[PDB]
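Q: Before anything else, here's the structure in question.
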Amino acid sequence: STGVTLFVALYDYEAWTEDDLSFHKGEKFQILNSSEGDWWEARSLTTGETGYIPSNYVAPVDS
């Protein structure tokens, strides 16, 4: 709203499909789209890359 609402990776994840995003534990994300359910479109603030991430692998930072 005045800044990004941050989520953080709890676990490592290796992409294996057409549009998912690999990431390591501790990367932070802006969530771009949550409408799909258990897969969220996100941009990693660590690598700059964008794709789908499993929602059960992340948690809000100010938590």
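Note that we place each Cβ from the backbone using ideal geometry, even for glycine, and neighbour counts take in every protein chain shown. Any read-out appearing in this document is the output of simple, stated calculations on the displayed coordinates, not a laboratory observation.
Q: Looking only at residues in the stretch 35-48 that are charged (D, E, K, R) and surrounded by fewer than 14 Cβ atoms within 10 Å (Cβ to Cβ), which one is farthest from the chain's Cα centre (by Cα)? Walk me through it before giving the result.
A: At the first step, the residues of the stretch 35-48 found to be charged (D, E, K, R) are 36, 38, 41, 43.
If we keep only those that are surrounded by fewer than 14 Cβ atoms within 10 Å (Cβ to Cβ) too, we end up with 36, 38.
Details: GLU36: 14, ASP38: 11 Å.
Applying the filter and picking the extreme gives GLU36.
Q: In the stretch 18-32, how many residues are in a strand (DSSP E or B) and within 19 Å of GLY3 (Cβ to Cβ)?
A: Going through the stretch 18-32, the residues in a strand (DSSP E or B) turn out to be 20, 23, 28-32.
Those left that are additionally within 19 Å of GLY3 (Cβ to Cβ): 28-32.
Of the residues in that region, 5 qualify.
Q: While we're here: For the stretch 27-63, which residues satisfy the criterion of being over 18 Å from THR17 (Cβ atoms) and basic (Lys, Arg)?
A: The one that is over 18 Å from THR17 (Cβ atoms) and basic (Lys, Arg): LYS28.
Q: Would you pick out the residues in the stretch 1-17 that are in a loop (DSSP other than H, G, I, E, B) and under 18 Å from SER63 (Cα atoms)?
A: Let us first name the residues in the stretch 1-17 that are in a loop (DSSP other than H, G, I, E, B), namely 1-5, 10-12, 14-17.
Passing the criteria: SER1, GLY3, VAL4, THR5, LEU10, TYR11.
Q: Another question about this same structure. For the stretch 37-54, how many residues meet the condition of being touching a residue at least 12 places away in the same chain (Cβ under 8 Å) and in a loop (DSSP other than H, G, I, E, B)?
A: The total comes to 6.
Q: Pairs, please: C-beta under 7 Å, at least 6 apart or cross-chain, first residue touching a residue at least 60 places away in the same chain (Cβ under 8 Å) and in the stretch 1-26, second surrounded by 10 or more Cβ atoms within 10 Å (Cβ to Cβ)?
A: none
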